[PDB]
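Both blocks below hold the same protein chain, though in two forms, and each is given as structure tokens: structure 1 and structure 2.
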Structure 1
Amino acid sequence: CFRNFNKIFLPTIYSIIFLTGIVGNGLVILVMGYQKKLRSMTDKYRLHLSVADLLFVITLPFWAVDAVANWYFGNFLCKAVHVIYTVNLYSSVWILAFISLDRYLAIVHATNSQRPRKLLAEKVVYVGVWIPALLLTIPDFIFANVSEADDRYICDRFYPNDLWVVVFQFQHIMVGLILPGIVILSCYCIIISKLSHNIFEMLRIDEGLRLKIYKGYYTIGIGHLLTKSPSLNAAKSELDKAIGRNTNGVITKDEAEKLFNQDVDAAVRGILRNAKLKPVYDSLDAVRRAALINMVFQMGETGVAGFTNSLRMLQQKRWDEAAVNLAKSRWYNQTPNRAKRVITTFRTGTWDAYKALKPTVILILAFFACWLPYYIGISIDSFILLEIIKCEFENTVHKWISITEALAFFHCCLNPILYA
């Protein structure tokens, strides 16, 4: 086979990203870099991400000049462009891994374990993400050179065997996607598990945990209504029907968690069906979502849906207005302290009655979305390389790899785009 339809259209893509990326990241480093005021730890990591992108976007006119006609830059700049691309390739994804780590420490070890969150943001990021990637750039400092093949000069990495190619193109999948990707997905699974337990701890304080059958109808665990029927043996049959064994009126703390988690999912599925509740729950955050779930566990789907003004105020982020409006209700004088805690939870968004993770989820997912078509492409090239699929299809796939790598560069002008 042999190695240009998208080569005068492709340089416009580097230019769009250079113009958006330089202006975008430039004003972020202008705002963040010289400011002292409102700094959640993720903003410090975002500055590291913005500086990494800014350094790399400066390299884009070179990519565009190389794509249009030639490489007039020389030996040193061929190495520099290649080293700046590698540092931005590894640091970016690893900054998101350190951002995901920060979230794990913020949700799981909030008070349980003092911050190492300060150390990762102030010092570790330099020698744990910056320096390794700055040293991983060494094979590109010498193997990347200027070729004077035809009157047209080609600047790229010239290794010696191919067996040197796959060992580095595996190092790229490992350090670039496998190692940081695991960290991010681990945090995203540990959090949602130990965050849907805070709902247990919130409702244990409010509804109460009873391991034996109590009443005013027959009840078990975190307020699980078994039957309205005036018969204890009928309550046993309803208990054994949805738990497994013939328990006989007594359950345990660990197995009580499961029963409650089933009622949480049933209420969540119900909220996602209610015309009034569905948009509000989708608008709210984890803690404020749990405060609304708490209300469904007490009033019910219809009971919550009734609070027209407050639900609209919760949907529109008007916290103090929603809390004041909710205080002027039937519920606030029915259960003064349970409503006091829930209202103040809706007011602040914290567990202070006993930290936003949502923009982080968007940032990582958008980065994953940017690089996804390139990963879809690169795999097919590796599939044809191993002789799994079969020359016209080979060079046409290479074409999409060129455009997807350039469309993936949009990840640079996104961290600044996130501030909407």
Structure 2
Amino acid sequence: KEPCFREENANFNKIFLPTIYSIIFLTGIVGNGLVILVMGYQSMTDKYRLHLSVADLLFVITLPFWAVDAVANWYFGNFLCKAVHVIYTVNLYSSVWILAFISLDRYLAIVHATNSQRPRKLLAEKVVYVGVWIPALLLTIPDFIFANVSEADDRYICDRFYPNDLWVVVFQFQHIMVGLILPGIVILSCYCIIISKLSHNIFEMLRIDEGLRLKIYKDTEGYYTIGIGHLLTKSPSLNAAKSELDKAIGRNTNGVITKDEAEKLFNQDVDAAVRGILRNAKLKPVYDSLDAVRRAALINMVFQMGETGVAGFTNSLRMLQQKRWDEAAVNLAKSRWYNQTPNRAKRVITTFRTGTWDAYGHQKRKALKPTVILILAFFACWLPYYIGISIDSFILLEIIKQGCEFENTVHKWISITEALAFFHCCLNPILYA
């Protein structure tokens, strides 16, 4: 088995790569630079992005070398050859793992909001160095060792040359693992726990406003109801109300239910309510523009007065959508809703104005939307490469044998997709838009 031969491609090396490397460099060198002088001199989530943008900067200033390597030759000696591969290893590890810390930061700010102000500080001021940089720096060791200049085809090249396939497969596996899989699992874990907390927050909100009822209750209109405003039956029968509650919870209650059960039932009613909103020309656009906390505000209103009801606030709705909070609050402040149930209204309105739980600690808003976009964007960038190098390592192991046209096509995908990945530098600056 002689190795598969692939041709070098001129247009790729001579036109395509230098083009991309330049665009990225320009939009990168300025974008991160502005982030560093603005955000650097003159919010925890910004702190991490300061780091991130330093990690990307250090990379972009390496691209001119990458480019002249692509077209011509490696003119720059062996120290700079090592430095180029080193920086790269630091960036791609630090860059993703800083995101994980951002995700942990959110987990702490949201799941443990009551008092996690401390551990969030140490994560940002101290741990970040012990858990991101130093370990990034120690992982460059192999680059110092194996990154060397080689003479090949009347020019110089700057490659990592390891001893053998045994080495290569292991580090290529370490690369996948440390590069996506691990930090991915961290991120996804953080995400999962937050959405669980987000929906429990809603539950506590309607607990105050609509009230938690653990025993079957006859409301002012004679309807039988349990939990958080969940109507069981309109019928006169206590025995009918008793008969529904059992069918709803799935056991033989005697007209009482537990805290866990009230909530499971409440979550179902949130689900249905949210599906209604997504299927409503008026409410969908407004709900989509809003954040986690303000969604909760809208969901409250629906629960009280039904979605048609809420869709009637033409004016206030259009302000909410347009993010003009105070004007939304003053309109709603004078409505039939406000007179009939004024304390609930005022809290729900304060929520719409502030985007915090001050009506339920003061002025403490913590946003997710910008972070979620950063991370997803970041992985969208790298994902194709990593699918690429997976398949490449499946070939190395001989899990998939398919001749040279396949092997060579996979190599080609990796080159394209590696180059396109480098756009992850700019995501950070751009997203400040």
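Along the sequence of structure 1, residues get numbers from 1 upward. Whichever C-alpha set is largest while still superposing within 1.5 Å between the two forms counts as the rigid core.
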| query | finding |
| --- | --- |
| From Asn337, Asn246, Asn333, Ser193, residue displaced between the two structures - CA threshold 2 Å or more, rigid core | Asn246 |
| Shift of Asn70 between the two structures at or above 2 Å (CA, core fit) | no |
| Threshold 2 Å Cα movement between the two structures at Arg117, rigid core reference | no |
| Core-superposed comparison between the two structures, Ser283 Cα displacement 2 Å or beyond | no |
| Inter-form CA displacement between the two structures at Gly176 - rigid core frame, Å | 1.3 |
| C-alpha positional change at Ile384 between the two structures - rigid core reference, Å | 3.1 |
